[PDB]
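Given next, in structure tokens, is a single chain: the form deposited in one PDB entry.
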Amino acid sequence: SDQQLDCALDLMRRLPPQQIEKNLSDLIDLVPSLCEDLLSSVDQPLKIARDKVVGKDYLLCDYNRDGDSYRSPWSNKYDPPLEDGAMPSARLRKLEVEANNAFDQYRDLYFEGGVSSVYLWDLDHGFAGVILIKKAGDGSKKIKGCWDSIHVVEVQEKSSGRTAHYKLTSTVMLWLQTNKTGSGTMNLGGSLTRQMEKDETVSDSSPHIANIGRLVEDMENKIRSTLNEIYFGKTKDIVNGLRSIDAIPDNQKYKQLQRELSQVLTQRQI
């Protein structure tokens, strides 16, 4: 089945990212044995949730979802009236609250708005967490935009030295759409992923959050440049390669050069 999971991931990377939800759902129907694996390996549009109790919005994810309900990072309770939902250790929950507050400022310092959520889950010899960040552009402008941030770091605390190994794996999801007459319907979404590993020192002045923050910041900053290059860079270039507004100075050389090289294989080979 392993190969199946690999094929499923490759398929999602081929199919339009604009229908990840629908596709993902269908993908599961074809293989109900890869639902969980797919519900944790396939990145989809970050959904926004509201916390009546707190009255705050929180993003959803497979890291903070138990069955059919989600766990709020504010009140620490699943939306759907659950009974014994999975919850982080009292000690862990505390660190999670600080992480949400710490990142909360990092969101208004880089995004100046939007929503953010952080979920942690103890491990075998350490602990992991996921940093979500959603920011929507002006909803009054002709062109719409949405920035989804999905970071999944894996801390590997060390027995001695207090030095832990960090393994981040963010994956920004840029979405761009516009319904203009001159451009009727234009959709330019997607998402880039980049891994990063490095050993850092854990201290009072540089705790986990601090270390995780530096990585996320550097990761986003690096992905922020690649997105502008690929999006408003490669794609565009590829578009200009398909057709051209100005008459392309026909070239007989290429064609005349291909005829020779060709007849070479059709009349030879080797």
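Numbering starts at 1 and follows the sequence shown.
As for the form deposited with a partner chain bound, it is not shown, yet the points below apply to it.
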In the deposited bound form, does residue 158 have a heavy atom within 4.5 Å of its partner chain?
-> no
Using a 4.5 Å heavy atom cut-off, state whether residue 169 contacts its partner chain in the deposited bound form.
-> yes
Taking heavy atoms and a 4.5 Å cut-off, does residue 75 contact its partner chain in the deposited bound form?
-> no
Considering only heavy atoms, tell me if residue 164 and its partner chain come within 4.5 Å of each other in the deposited bound form.
-> no
